[PDB]
file coords.txt (compact mmCIF, C-alpha atoms and all ligand atoms)
# COMPACT_ATOMS: atom_id res chain seq x y z
CA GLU A 32 145.33 177.37 241.64
CA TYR A 33 142.52 178.31 239.09
CA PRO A 34 140.69 181.30 240.44
CA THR A 35 137.14 180.71 241.63
CA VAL A 36 134.16 182.94 242.39
CA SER A 37 135.43 183.22 246.04
CA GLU A 38 138.87 184.82 245.39
CA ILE A 39 137.39 187.52 243.01
CA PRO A 40 135.44 190.53 244.34
CA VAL A 41 132.75 191.66 241.89
CA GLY A 42 134.22 194.53 239.87
CA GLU A 43 137.68 192.84 239.73
CA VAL A 44 139.43 190.49 237.28
CA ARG A 45 142.12 187.82 237.60
CA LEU A 46 144.39 186.52 234.87
CA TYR A 47 145.52 182.94 234.74
CA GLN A 48 148.44 181.79 232.60
CA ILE A 49 147.55 178.58 230.79
CA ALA A 50 150.62 178.36 228.46
CA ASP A 51 153.37 180.47 227.08
CA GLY A 52 151.53 183.61 225.81
CA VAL A 53 148.01 182.28 226.57
CA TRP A 54 145.97 183.45 229.57
CA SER A 55 142.38 183.24 230.68
CA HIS A 56 140.69 186.20 232.22
CA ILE A 57 138.20 185.55 235.02
CA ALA A 58 135.47 187.95 236.25
CA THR A 59 132.21 187.69 238.24
CA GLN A 60 128.67 189.02 238.01
CA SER A 61 125.72 188.94 240.40
CA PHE A 62 122.57 187.61 238.78
CA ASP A 63 119.36 186.76 240.84
CA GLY A 64 121.06 186.62 244.19
CA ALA A 65 123.90 184.32 243.02
CA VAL A 66 127.43 185.13 241.92
CA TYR A 67 128.80 183.39 238.87
CA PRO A 68 132.30 183.59 237.23
CA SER A 69 133.00 184.09 233.55
CA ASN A 70 136.04 183.32 231.46
CA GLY A 71 137.56 184.96 228.43
CA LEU A 72 140.94 184.42 226.66
CA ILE A 73 144.10 186.52 226.03
CA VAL A 74 146.54 185.43 223.31
CA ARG A 75 149.85 187.07 222.66
CA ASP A 76 150.45 188.03 218.99
CA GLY A 77 154.03 189.15 218.66
CA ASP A 78 154.20 192.22 220.87
CA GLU A 79 150.44 192.88 220.95
CA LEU A 80 147.51 191.01 222.57
CA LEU A 81 144.32 189.57 221.15
CA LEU A 82 141.46 189.59 223.64
CA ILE A 83 138.67 186.96 223.36
CA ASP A 84 135.46 188.28 225.01
CA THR A 85 134.75 191.05 227.44
CA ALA A 86 134.73 190.55 231.13
CA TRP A 87 130.92 190.84 231.32
CA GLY A 88 130.14 194.55 231.60
CA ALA A 89 131.79 198.01 231.41
CA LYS A 90 133.30 198.16 234.93
CA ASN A 91 134.68 194.60 234.71
CA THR A 92 136.07 195.28 231.21
CA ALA A 93 137.81 198.51 232.45
CA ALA A 94 139.27 196.44 235.29
CA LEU A 95 140.36 193.79 232.78
CA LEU A 96 142.38 196.28 230.74
CA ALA A 97 143.88 197.79 233.92
CA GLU A 98 144.85 194.31 234.99
CA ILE A 99 146.28 193.41 231.58
CA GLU A 100 148.36 196.75 231.61
CA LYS A 101 149.54 195.98 235.14
CA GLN A 102 150.41 192.34 234.72
CA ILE A 103 151.37 191.82 231.03
CA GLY A 104 151.98 195.30 229.83
CA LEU A 105 151.42 194.81 226.08
CA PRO A 106 148.72 196.55 224.23
CA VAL A 107 145.36 194.95 223.39
CA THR A 108 145.00 195.73 219.73
CA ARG A 109 142.06 193.52 218.79
CA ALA A 110 139.13 191.74 220.50
CA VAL A 111 136.72 189.05 219.32
CA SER A 112 133.29 188.48 220.89
CA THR A 113 132.27 184.81 220.56
CA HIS A 114 128.50 185.50 220.61
CA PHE A 115 126.03 188.38 221.20
CA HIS A 116 125.15 188.08 224.87
CA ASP A 117 126.38 190.56 227.55
CA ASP A 118 129.02 188.37 228.97
CA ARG A 119 130.70 188.49 225.57
CA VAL A 120 129.90 192.02 224.18
CA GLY A 121 129.20 193.91 227.40
CA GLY A 122 132.24 196.19 227.69
CA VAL A 123 132.81 196.62 223.96
CA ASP A 124 132.35 200.41 224.16
CA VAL A 125 135.12 200.43 226.85
CA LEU A 126 137.41 198.47 224.58
CA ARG A 127 136.59 200.71 221.68
CA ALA A 128 137.34 203.84 223.75
CA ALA A 129 140.73 202.38 224.69
CA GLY A 130 141.60 201.97 220.97
CA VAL A 131 140.90 198.25 220.74
CA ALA A 132 139.55 197.11 217.33
CA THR A 133 136.45 195.02 218.21
CA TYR A 134 135.35 192.12 215.95
CA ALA A 135 132.49 189.69 215.65
CA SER A 136 130.74 187.71 212.89
CA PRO A 137 127.89 189.40 210.99
CA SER A 138 125.61 186.91 212.66
CA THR A 139 126.75 188.07 216.16
CA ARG A 140 126.50 191.79 215.13
CA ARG A 141 122.95 191.39 213.83
CA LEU A 142 121.78 189.55 216.94
CA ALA A 143 123.43 192.10 219.31
CA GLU A 144 121.73 194.79 217.40
CA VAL A 145 118.36 193.02 217.56
CA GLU A 146 118.99 192.51 221.27
CA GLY A 147 119.96 196.12 222.00
CA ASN A 148 123.43 194.97 223.16
CA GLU A 149 126.76 196.61 222.35
CA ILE A 150 127.85 195.90 218.78
CA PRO A 151 131.46 195.18 217.92
CA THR A 152 132.72 197.41 215.07
CA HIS A 153 134.52 195.07 212.70
CA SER A 154 133.02 192.00 210.90
CA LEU A 155 134.55 188.58 210.70
CA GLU A 156 133.83 187.07 207.29
CA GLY A 157 133.81 183.43 206.36
CA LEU A 158 132.16 181.96 209.47
CA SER A 159 128.50 181.78 208.38
CA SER A 160 128.34 178.07 207.60
CA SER A 161 128.73 175.19 210.17
CA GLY A 162 132.28 173.93 210.22
CA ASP A 163 133.68 177.20 208.85
CA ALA A 164 137.20 178.05 210.16
CA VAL A 165 139.30 181.22 209.62
CA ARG A 166 142.72 182.27 210.89
CA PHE A 167 142.83 185.42 213.05
CA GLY A 168 146.45 186.08 213.87
CA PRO A 169 147.52 183.58 216.60
CA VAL A 170 144.21 181.75 216.66
CA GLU A 171 141.77 179.88 214.56
CA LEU A 172 138.11 180.95 214.79
CA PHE A 173 135.53 178.14 214.31
CA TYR A 174 131.82 178.18 213.79
CA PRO A 175 130.61 174.73 214.86
CA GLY A 176 126.92 175.35 214.27
CA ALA A 177 124.19 176.52 216.59
CA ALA A 178 124.51 175.40 220.24
CA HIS A 179 124.30 177.79 223.19
CA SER A 180 123.38 180.40 220.60
CA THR A 181 123.05 180.34 216.77
CA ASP A 182 126.16 182.52 216.38
CA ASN A 183 128.52 180.93 218.92
CA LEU A 184 132.23 180.73 217.96
CA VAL A 185 135.01 178.67 219.50
CA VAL A 186 138.64 179.72 219.55
CA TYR A 187 141.70 177.51 219.18
CA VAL A 188 145.34 178.47 219.91
CA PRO A 189 147.35 176.09 217.62
CA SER A 190 150.65 176.93 219.36
CA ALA A 191 149.52 175.91 222.86
CA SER A 192 146.66 173.39 222.01
CA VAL A 193 144.15 175.57 223.89
CA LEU A 194 140.55 175.29 222.87
CA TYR A 195 138.31 178.13 224.17
CA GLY A 196 134.75 176.90 223.95
CA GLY A 197 132.85 179.86 225.31
CA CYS A 198 129.31 179.31 226.42
CA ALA A 199 128.87 176.32 224.06
CA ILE A 200 131.09 174.37 226.50
CA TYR A 201 130.11 173.67 230.12
CA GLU A 202 132.50 173.08 233.07
CA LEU A 203 132.20 169.71 234.85
CA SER A 204 130.59 171.19 237.87
CA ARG A 205 127.66 172.37 235.78
CA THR A 206 125.20 169.52 235.65
CA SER A 207 122.07 171.38 234.54
CA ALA A 208 121.68 173.53 231.37
CA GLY A 209 121.92 177.23 231.98
CA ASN A 210 120.67 180.05 229.84
CA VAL A 211 119.07 178.24 226.93
CA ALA A 212 116.56 180.89 225.80
CA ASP A 213 118.63 181.47 222.66
CA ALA A 214 120.05 177.94 222.33
CA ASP A 215 119.48 175.37 219.57
CA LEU A 216 119.12 172.31 221.77
CA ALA A 217 118.43 170.08 218.69
CA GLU A 218 121.75 171.06 217.03
CA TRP A 219 123.96 171.52 220.08
CA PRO A 220 125.31 167.95 220.18
CA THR A 221 126.03 167.90 216.46
CA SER A 222 127.88 171.23 216.91
CA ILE A 223 130.05 169.78 219.69
CA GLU A 224 130.86 166.77 217.43
CA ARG A 225 132.17 169.25 214.83
CA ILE A 226 134.36 170.75 217.55
CA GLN A 227 135.52 167.23 218.53
CA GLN A 228 136.18 166.36 214.83
CA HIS A 229 138.24 169.52 214.28
CA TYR A 230 140.35 169.82 217.38
CA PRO A 231 141.09 166.20 218.67
CA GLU A 232 144.53 167.32 219.70
CA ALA A 233 143.35 170.03 222.11
CA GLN A 234 145.04 169.63 225.55
CA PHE A 235 143.34 172.43 227.52
CA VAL A 236 139.57 173.17 227.18
CA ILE A 237 138.28 176.41 228.73
CA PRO A 238 134.53 176.63 229.28
CA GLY A 239 132.72 180.01 229.11
CA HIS A 240 132.21 179.68 232.88
CA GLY A 241 134.27 177.88 235.47
CA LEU A 242 137.10 175.41 235.61
CA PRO A 243 139.26 174.35 232.63
CA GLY A 244 139.66 170.74 231.70
CA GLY A 245 140.35 168.51 228.75
CA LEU A 246 138.27 167.34 225.83
CA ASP A 247 136.05 165.45 228.35
CA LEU A 248 134.19 168.81 228.73
CA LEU A 249 132.68 168.35 225.24
CA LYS A 250 131.24 164.98 226.19
CA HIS A 251 130.08 166.41 229.50
CA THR A 252 128.27 169.26 227.73
CA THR A 253 126.69 166.75 225.38
CA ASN A 254 125.44 164.74 228.40
CA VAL A 255 123.94 167.79 230.09
CA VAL A 256 122.33 169.19 226.92
CA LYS A 257 120.72 165.78 226.15
CA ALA A 258 119.34 165.35 229.66
CA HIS A 259 117.92 168.88 229.52
CA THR A 260 116.37 168.04 226.09
CA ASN A 261 114.64 165.04 227.77
CA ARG A 262 113.36 166.89 230.87
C1 LIG B 1 124.18 182.05 231.82
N1 LIG B 1 123.50 180.97 232.20
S1 LIG B 1 122.41 181.13 233.55
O1 LIG B 1 121.60 182.40 233.58
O2 LIG B 1 121.46 179.98 233.35
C2 LIG B 1 123.22 180.79 235.01
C3 LIG B 1 123.13 181.63 236.13
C4 LIG B 1 123.78 181.28 237.33
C5 LIG B 1 124.52 180.10 237.35
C6 LIG B 1 124.59 179.26 236.24
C7 LIG B 1 123.94 179.60 235.06
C8 LIG B 1 123.93 183.35 232.33
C9 LIG B 1 124.64 184.44 231.97
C10 LIG B 1 125.66 184.24 231.07
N2 LIG B 1 125.90 182.98 230.58
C11 LIG B 1 125.21 181.88 230.87
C12 LIG B 1 125.55 180.68 230.19
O3 LIG B 1 126.41 180.71 229.27
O4 LIG B 1 124.92 179.61 230.34
ZN ZN B 2 125.36 183.47 226.11
ZN ZN B 3 127.60 182.69 229.29
ZN ZN B 4 129.82 165.03 233.02

call {"tool": "encode", "arguments": {"input": "coords.txt", "output": "structure tokens"}}
result
Amino acid sequence: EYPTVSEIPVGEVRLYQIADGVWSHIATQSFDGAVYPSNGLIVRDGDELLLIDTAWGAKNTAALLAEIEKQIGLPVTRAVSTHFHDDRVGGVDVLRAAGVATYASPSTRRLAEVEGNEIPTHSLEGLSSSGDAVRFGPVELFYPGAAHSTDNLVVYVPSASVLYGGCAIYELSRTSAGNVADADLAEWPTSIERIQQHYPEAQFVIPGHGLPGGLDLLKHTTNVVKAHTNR
């Protein structure tokens, strides 16, 4: 039932309803001969939508909005990018052109800028210290500390007990560490323990890539990060 790399042609996006007024969005990119999916979130906020992360590039992000319009038919008024890499900010100019207000932390905006990536317009304050949490309409935004990147945020939907981990959380199938060029391997497990301490009631955990699960994904990520650290 959860869409996989197979049932999604590159350039297209699938939505997956997780709970009443929570969906994931799933896209794919080709990187080094392989094809890899990517997840974002969509959270209903009254009669508008909050988008978490792009669908990894301009074409995919245009397809995502077409697919939202087609299947949900409420407007995307704001978007949050959970860190500065392309699978999170790539497509932000597309969103912006469609009248979506794009948000990230100052930390994410600086890094995107340093990186030459697209830079979300609006700044999320109050997330600069580990364990910082802020409300953003129908979600809580949480900075656990450095992990996959120094700026990574996680997103919780209090009304549905959905934790969106982004690239700080690995799917079960992933048993080796991925893109760790920008990671803080030393702090990653501590950062996951903050997530665990703050959201012990989460029922659905959505990794940045691949299949959803439960809070077991945090422990799994911990295990993989520690093994990589000891290579
Ligand atoms: C990655 N990680 S990755 O380049 O190591 C990769 C590639 C193919 C299959 C698995 C992992 C790459 C792009 C975006 N995100 C990630 C990630 O979050 O680890
Ligand atoms: Zn990343
Ligand atoms: Zn990623
Ligand atoms: Zn595991």

call {"tool": "closest_residue", "arguments": {"input": "coords.txt", "among": "A:159, A:138, A:48, A:91", "to": "residue 69 in chain A", "atoms": "only C-alpha atoms"}}
result
A:91

call {"tool": "atom_distance", "arguments": {"input": "coords.txt", "atom1": "atom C10 of ligand LIG 1 (chain B)", "atom2": "CA of residue 52 in chain A"}}
result
26.4 Å

call {"tool": "closest_atom_pairs", "arguments": {"input": "coords.txt", "of": "chain A", "to": "ligand ZN 2 (chain B)", "cutoff": "12 Å", "atoms": "all atoms listed in the file", "output": "Markdown table"}}
result
| residue | atom | partner | partner_atom | distance |
| --- | --- | --- | --- | --- |
| A:69 | CA | B:ZN2 | ZN | 10.7 |
| A:70 | CA | B:ZN2 | ZN | 11.9 |
| A:84 | CA | B:ZN2 | ZN | 11.2 |
| A:87 | CA | B:ZN2 | ZN | 10.6 |
| A:112 | CA | B:ZN2 | ZN | 10.7 |
| A:113 | CA | B:ZN2 | ZN | 9.0 |
| A:114 | CA | B:ZN2 | ZN | 6.7 |
| A:115 | CA | B:ZN2 | ZN | 7.0 |
| A:116 | CA | B:ZN2 | ZN | 4.8 |
| A:117 | CA | B:ZN2 | ZN | 7.3 |
| A:118 | CA | B:ZN2 | ZN | 6.8 |
| A:119 | CA | B:ZN2 | ZN | 7.3 |
| A:120 | CA | B:ZN2 | ZN | 9.9 |
| A:121 | CA | B:ZN2 | ZN | 11.2 |
| A:139 | CA | B:ZN2 | ZN | 11.0 |
| A:142 | CA | B:ZN2 | ZN | 11.6 |
| A:143 | CA | B:ZN2 | ZN | 11.2 |
| A:177 | CA | B:ZN2 | ZN | 11.8 |
| A:178 | CA | B:ZN2 | ZN | 10.0 |
| A:179 | CA | B:ZN2 | ZN | 6.5 |
| A:180 | CA | B:ZN2 | ZN | 6.6 |
| A:181 | CA | B:ZN2 | ZN | 10.1 |
| A:182 | CA | B:ZN2 | ZN | 9.8 |
| A:183 | CA | B:ZN2 | ZN | 8.3 |
| A:184 | CA | B:ZN2 | ZN | 11.0 |
| A:196 | CA | B:ZN2 | ZN | 11.7 |
| A:197 | CA | B:ZN2 | ZN | 8.4 |
| A:198 | CA | B:ZN2 | ZN | 5.7 |
| A:199 | CA | B:ZN2 | ZN | 8.2 |
| A:200 | CA | B:ZN2 | ZN | 10.8 |
| A:201 | CA | B:ZN2 | ZN | 11.6 |
| A:208 | CA | B:ZN2 | ZN | 11.8 |
| A:209 | CA | B:ZN2 | ZN | 9.2 |
| A:210 | CA | B:ZN2 | ZN | 6.9 |
| A:211 | CA | B:ZN2 | ZN | 8.2 |
| A:212 | CA | B:ZN2 | ZN | 9.2 |
| A:213 | CA | B:ZN2 | ZN | 7.8 |
| A:214 | CA | B:ZN2 | ZN | 8.5 |
| A:215 | CA | B:ZN2 | ZN | 12.0 |
| A:238 | CA | B:ZN2 | ZN | 11.9 |
| A:239 | CA | B:ZN2 | ZN | 8.7 |
| A:240 | CA | B:ZN2 | ZN | 10.3 |

call {"tool": "residues_near_ligand", "arguments": {"input": "coords.txt", "ligand": "ligand ZN 4 (chain B)", "cutoff": "9 Å", "atoms": "only C-alpha atoms and all ligand atoms", "output": "ChimeraX atom specification"}}
result
/A:202-206,247-255

call {"tool": "atom_distance", "arguments": {"input": "coords.txt", "atom1": "CA of residue 162 in chain A", "atom2": "CA of residue 174 in chain A"}}
result
5.6 Å

call {"tool": "closest_residue", "arguments": {"input": "coords.txt", "among": "A:78, A:156, A:100, A:146", "to": "residue 46 in chain A", "atoms": "all atoms listed in the file"}}
result
A:100

call {"tool": "atom_distance", "arguments": {"input": "coords.txt", "atom1": "atom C4 of ligand LIG 1 (chain B)", "atom2": "CA of residue 227 in chain A"}}
result
26.2 Å

call {"tool": "residues_around", "arguments": {"input": "coords.txt", "residues": "residue 216 in chain A", "least_positions_apart": "3", "cutoff": "7 Å", "atoms": "all atoms listed in the file", "output": "ChimeraX atom specification"}}
result
/A:178,219,256,260

call {"tool": "closest_residue", "arguments": {"input": "coords.txt", "among": "A:103, A:190, A:54, A:241", "to": "ligand LIG 1 (chain B)", "atoms": "only C-alpha atoms and all ligand atoms"}}
result
A:241

call {"tool": "residues_around", "arguments": {"input": "coords.txt", "residues": "range 33-36 of chain A", "least_positions_apart": "4", "cutoff": "7 Å", "atoms": "all atoms listed in the file", "output": "list in words"}}
result
residues 59, 67 and 68 of chain A

call {"tool": "residues_around", "arguments": {"input": "coords.txt", "residues": "residue 127 in chain A", "least_positions_apart": "3", "cutoff": "10 Å", "atoms": "all atoms listed in the file", "output": "short mmCIF file (atom, residue, chain, number, x, y, z; two decimals) with C-alpha atoms, keeping the file's coordinate frame"}}
result
data_model
loop_
_atom_site.label_atom_id
_atom_site.label_comp_id
_atom_site.auth_asym_id
_atom_site.auth_seq_id
_atom_site.Cartn_x
_atom_site.Cartn_y
_atom_site.Cartn_z
CA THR A 108 145.00 195.73 219.73
CA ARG A 109 142.06 193.52 218.79
CA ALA A 110 139.13 191.74 220.50
CA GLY A 122 132.24 196.19 227.69
CA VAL A 123 132.81 196.62 223.96
CA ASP A 124 132.35 200.41 224.16
CA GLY A 130 141.60 201.97 220.97
CA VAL A 131 140.90 198.25 220.74
CA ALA A 132 139.55 197.11 217.33
CA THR A 133 136.45 195.02 218.21
CA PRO A 151 131.46 195.18 217.92
CA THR A 152 132.72 197.41 215.07
#

call {"tool": "closest_residue", "arguments": {"input": "coords.txt", "among": "A:189, A:176, A:244, A:88", "to": "ligand LIG 1 (chain B)", "atoms": "only C-alpha atoms and all ligand atoms"}}
result
A:88

call {"tool": "closest_residue", "arguments": {"input": "coords.txt", "among": "A:125, A:230, A:134, A:93", "to": "residue 171 in chain A", "atoms": "only C-alpha atoms"}}
result
A:230

call {"tool": "closest_residue", "arguments": {"input": "coords.txt", "among": "A:160, A:61, A:92, A:192", "to": "ligand LIG 1 (chain B)", "atoms": "only C-alpha atoms and all ligand atoms"}}
result
A:61

call {"tool": "residues_around", "arguments": {"input": "coords.txt", "residues": "residue 32 in chain A", "least_positions_apart": "6", "cutoff": "12 Å", "atoms": "only C-alpha atoms", "output": "list in words"}}
result
residues 38, 45, 46, 47, 48, 49, 242 and 243 of chain A

call {"tool": "residues_around", "arguments": {"input": "coords.txt", "residues": "residue 140 in chain A", "least_positions_apart": "4", "cutoff": "8 Å", "atoms": "only C-alpha atoms", "output": "VMD selection string"}}
result
chain A and resid 115 135 to 136 144 150 to 151 154
